[PDB]
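Take a look at the structure tokens below, where one protein chain is shown in two forms, each on its own, as structure 1 and structure 2.
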Structure 1
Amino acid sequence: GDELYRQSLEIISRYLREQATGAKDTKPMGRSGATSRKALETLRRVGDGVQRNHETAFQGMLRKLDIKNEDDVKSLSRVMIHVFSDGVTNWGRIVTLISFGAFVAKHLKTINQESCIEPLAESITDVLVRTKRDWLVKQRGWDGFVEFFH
């Protein structure tokens, strides 16, 4: 996974954390950090409407999952894979995956389970990169993500 994986995890966990708490890391990267910031800016921008517009499907999804603990979060992978894989793959679908992650993360802070946010982000990244690796590489990874939403 390397650089695409490292970059994806950094963006998605920071995004899920900011959405739940606070917030800001104000922390280094400091890697391919120009790309990461821009992607974090666009995701913050694009993620905006998406959460609101799907407040209904999201709420429906959330009740249906009944997430209460760390063991619950660790079993979401295949349901994630089931809703996300088969179809058109495009950046809107990817932002919906991550936006729902943020939605779940906020719920996690609500039931006082902020500690599950990080394994949640890790799980989402693992699903994003394993099911969409070749599409992602083809789109210039996160650099391309910004252009589609400029």
Structure 2
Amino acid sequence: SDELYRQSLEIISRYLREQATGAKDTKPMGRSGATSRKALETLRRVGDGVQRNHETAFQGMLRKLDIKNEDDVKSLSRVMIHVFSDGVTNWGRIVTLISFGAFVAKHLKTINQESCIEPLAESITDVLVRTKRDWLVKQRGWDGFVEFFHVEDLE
């Protein structure tokens, strides 16, 4: 039983699903509902801005990757591992990684490859949880994610 993995997969898969289909999953989040719910809401807020702001960089990258099937998704995971290969980890890289995943997920749906969205979410979660588990733990997992992106209203 790996709660950190389960929670991460739940958050990331639901964002990619709702981005691809355009409809939220109105089931409540699983055990540990508070953190996961705020994490997904934060992901919508920050992730949507990332895709809007950087739609150019995302579109160019997707065009060159030429993603067509589940094989191209596994090759995609190879590129994603390089997100931390310079020794640096932060929430900005992690949210950008997930945002591109949603961008790819939308593309996978318009080419009638919705079956690859679930593998895509699992790959992203694998990269995060299986190679950066220690860093996530030190941040307090998705609680750290929520707090970092919380915007302070200091009047």
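By convention here, residues take numbers in order along the sequence of structure 1, the first being 1. Between two forms, the rigid core is the largest collection of C-alphas that superpose within 1.5 Å.
S.K.: If you fit the rigid core between structures 1 and 2, which of 29, 50, 62, 97 ends up with a C-alpha shift of 2 Å or more?
M.R.: With the rigid core superposed, the residue that stands out is 29.
S.K.: Answer yes if the Cα of residue 111 shifts by 2 angstroms or more between structures 1 and 2 on a rigid-core superposition, and no otherwise.
M.R.: Shift at residue 111: below 2 Å after core fit.
S.K.: Give the C-alpha shift of residue 87 between structures 1 and 2, in Å, after superposing the two forms on their rigid core.
M.R.: C-alpha displacement of residue 87 between structures 1 and 2: 4.4 Å.
S.K.: Using the rigid core as the frame, report the C-alpha movement of residue 19 between structures 1 and 2, one decimal, in Å.
M.R.: Its C-alpha position differs by 0.4 Å.
S.K.: Taking the rigid core as the frame of reference, how far in Å is the Cα of residue 74 displaced between structures 1 and 2?
M.R.: After core superposition, the C-alpha of residue 74 moves 2.0 Å between structures 1 and 2.
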